[PDB]
Amino acid sequence: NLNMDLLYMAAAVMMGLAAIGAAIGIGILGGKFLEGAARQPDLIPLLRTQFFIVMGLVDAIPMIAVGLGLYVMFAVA
Amino acid sequence: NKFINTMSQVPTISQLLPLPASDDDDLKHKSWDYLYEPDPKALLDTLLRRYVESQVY
């Protein structure tokens, strides 16, 4: 009935917003690391590890959104 | 005149402007380049003026 038709739309919009936010934030974080590595390569691993540290926090909420969209689509239907 | 040593001196003429110095090459410099404040050009002007002043001193 209408239930699944609306639930697929809800999962689609939630996961789309999550993907947009995660992709743009990770791209900015990566671009700053790229400029910092271009400036002086002797600090590349240090900036690359702090990049992992920050990127860990970046994906926090987007992955909650992704998981709840998956739940809506696959268990609520 | 140039102080070659205690016993000998020589009159000489050398160019200041334009900069006659032969070119040089490097990798470390301009790869780990200087941050320029405010901008690289005004610093180059002041640097050249101070350099010729030091040469004449």
# chains A, B, ... in the order shown; residues from 1 in each chain; ligands from 1
>>> closest_atom_pairs(of="chain A", to="chain B", cutoff="12 Å", atoms="only C-alpha atoms", output="JSON lines")
{"residue": "A:36", "atom": "CA", "partner": "B:32", "partner_atom": "CA", "distance": 11.2}
{"residue": "A:37", "atom": "CA", "partner": "B:32", "partner_atom": "CA", "distance": 10.6}
{"residue": "A:38", "atom": "CA", "partner": "B:32", "partner_atom": "CA", "distance": 9.0}
{"residue": "A:39", "atom": "CA", "partner": "B:32", "partner_atom": "CA", "distance": 6.3}
{"residue": "A:40", "atom": "CA", "partner": "B:32", "partner_atom": "CA", "distance": 5.7}
{"residue": "A:41", "atom": "CA", "partner": "B:32", "partner_atom": "CA", "distance": 8.5}
{"residue": "A:42", "atom": "CA", "partner": "B:32", "partner_atom": "CA", "distance": 9.5}
{"residue": "A:43", "atom": "CA", "partner": "B:32", "partner_atom": "CA", "distance": 11.4}
>>> select_by_dssp(residues="chain B", states="alpha helix (DSSP H)", output="list in words")
residues 40, 41, 42, 43, 44, 45, 46, 47, 48, 49, 50, 51, 52, 53, 54, 55 and 56 of chain B
>>> write_last_selection(atoms="N, CA and C atoms", output="compact mmCIF listing (two decimals), in the first residue's frame")
# COMPACT_ATOMS: atom_id res chain seq x y z
N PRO B 40 55.44 38.69 -1.94
CA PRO B 40 56.86 38.50 -2.28
C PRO B 40 57.50 39.67 -3.01
N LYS B 41 56.73 40.55 -3.65
CA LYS B 41 57.36 41.55 -4.51
C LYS B 41 57.95 42.71 -3.71
N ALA B 42 57.18 43.30 -2.79
CA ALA B 42 57.71 44.42 -2.01
C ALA B 42 58.93 44.00 -1.20
N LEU B 43 58.92 42.77 -0.68
CA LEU B 43 60.08 42.24 0.01
C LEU B 43 61.28 42.14 -0.91
N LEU B 44 61.06 41.81 -2.18
CA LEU B 44 62.16 41.75 -3.12
C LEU B 44 62.74 43.13 -3.40
N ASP B 45 61.89 44.14 -3.50
CA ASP B 45 62.37 45.50 -3.73
C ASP B 45 63.22 45.98 -2.55
N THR B 46 62.68 45.86 -1.34
CA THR B 46 63.45 46.25 -0.16
C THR B 46 64.74 45.45 -0.06
N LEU B 47 64.68 44.15 -0.37
CA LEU B 47 65.86 43.30 -0.27
C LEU B 47 66.94 43.74 -1.24
N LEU B 48 66.56 44.05 -2.48
CA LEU B 48 67.55 44.50 -3.46
C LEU B 48 68.17 45.83 -3.05
N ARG B 49 67.34 46.76 -2.56
CA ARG B 49 67.88 48.05 -2.13
C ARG B 49 68.86 47.87 -0.98
N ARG B 50 68.50 47.06 0.01
CA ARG B 50 69.41 46.81 1.12
C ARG B 50 70.68 46.11 0.64
N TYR B 51 70.58 45.25 -0.37
CA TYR B 51 71.75 44.54 -0.88
C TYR B 51 72.73 45.50 -1.54
N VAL B 52 72.24 46.38 -2.41
CA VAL B 52 73.17 47.31 -3.06
C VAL B 52 73.76 48.27 -2.03
N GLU B 53 72.97 48.66 -1.02
CA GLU B 53 73.52 49.51 0.04
C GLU B 53 74.64 48.79 0.78
N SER B 54 74.45 47.51 1.10
CA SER B 54 75.50 46.75 1.76
C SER B 54 76.73 46.63 0.87
N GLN B 55 76.53 46.45 -0.44
CA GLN B 55 77.66 46.35 -1.35
C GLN B 55 78.51 47.62 -1.31
N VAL B 56 77.86 48.78 -1.35
CA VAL B 56 78.64 50.02 -1.36
C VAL B 56 79.28 50.29 0.00
>>> residues_around(residues="region 7-10 of chain A", least_positions_apart="3", cutoff="6 Å", atoms="only C-alpha atoms", output="PyMOL selection string")
chain A and resi 4+13+73
>>> select_by_dssp(residues="chain B", states="strand (DSSP E or B)", output="PyMOL selection string")
chain B and resi 2-3+9-10
>>> atom_distance(atom1="CA of residue 30 (chain A)", atom2="CA of residue 66 (chain A)")
21.6 Å
>>> residues_around(residues="residue 2 (chain B)", least_positions_apart="3", cutoff="10 Å", atoms="only C-alpha atoms", output="VMD selection string")
chain B and resid 5 8 to 13
>>> write_last_selection(atoms="C-alpha atoms", output="tab-separated table (two decimals), in the first residue's frame")
chain	number	residue	atom	x	y	z
B	5	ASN	CA	96.33	41.64	1.48
B	8	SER	CA	99.09	44.63	-2.23
B	9	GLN	CA	96.00	46.60	-3.22
B	10	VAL	CA	94.28	46.93	-6.59
B	11	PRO	CA	91.91	49.56	-8.03
B	12	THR	CA	88.79	47.86	-9.37
B	13	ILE	CA	85.43	48.66	-10.93
>>> atom_distance(atom1="CA of residue 61 (chain A)", atom2="CA of residue 21 (chain A)")
9.5 Å
>>> atom_distance(atom1="CA of residue 58 (chain A)", atom2="CA of residue 26 (chain A)")
7.1 Å
